[PDB]
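Each of the two blocks below gives one form of the same protein chain as structure tokens; they are labelled structure 1 and structure 2.
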Structure 1
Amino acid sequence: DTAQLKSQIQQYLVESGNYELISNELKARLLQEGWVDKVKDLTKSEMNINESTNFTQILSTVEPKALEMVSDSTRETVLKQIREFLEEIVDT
């Protein structure tokens, strides 16, 4: 049921509208830090050096560097909001 619990989380996350809000906020925030443009320019330039450019391939070279570049403000705000949602949904 471990994989079935994740379905219930994702289920309620989307239906309650929290998925929309968080994905929207996270876009707006990452966009203002210039984190979008920084990650965008890296993927674009990563695409030009290598002829065959597969997503899972460039994911491994861009993802780890991109996580840390997330401003601490943004990362903590989102993590908080996620946990607050989880805290209400998970049972005692």
Structure 2
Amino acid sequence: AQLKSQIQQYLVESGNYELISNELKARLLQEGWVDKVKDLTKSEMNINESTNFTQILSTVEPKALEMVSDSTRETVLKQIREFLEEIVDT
């Protein structure tokens, strides 16, 4: 509950938030995902009446997440797990 706040607050101050975040983005760029999100956003705007920032995001989000490769998912998951392991008491 509140140990999570302590872990998430340590996450940022250690700089490990930024390491993981940067690894996630490098890998997402490398596999083409940035262009896929862009296509998904563009495509979803022609199919829709709405310009609404939040509304279009909520249609793009589910579809975008399924396009993330198992390799990127597994490598970042593994990286976060190893950081948690080193921090959560014995």
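Just so we're on the same page, rigid core means the largest C-alpha set that superposes within 1.5 Å between forms. FYI, numbering is relative to structure 1, first residue = 1.
After core superposition, I'd like to know whether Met47 moves between the two structures (criterion: C-alpha shift of 2 angstroms or more). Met47 C-alpha, core-superposed: shift of 2 Å or more.
Does the distance between the two CA positions of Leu31 reach 2 Å or more between the two structures, the core being superposed? No.
Inter-form CA displacement between the two structures at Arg83 - rigid core frame, Å: So the C-alpha of this residue moves 0.4 Å.
Core-aligned CA shift between the two structures for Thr56 (Å): For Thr56, the alpha-carbon shift amounts to 4.3 Å.
If I align on the rigid core, how far apart are the two C-alpha positions of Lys65 between the two structures? Answer in Å. Displacement of the alpha carbon, after core fit: 2.1 Å.
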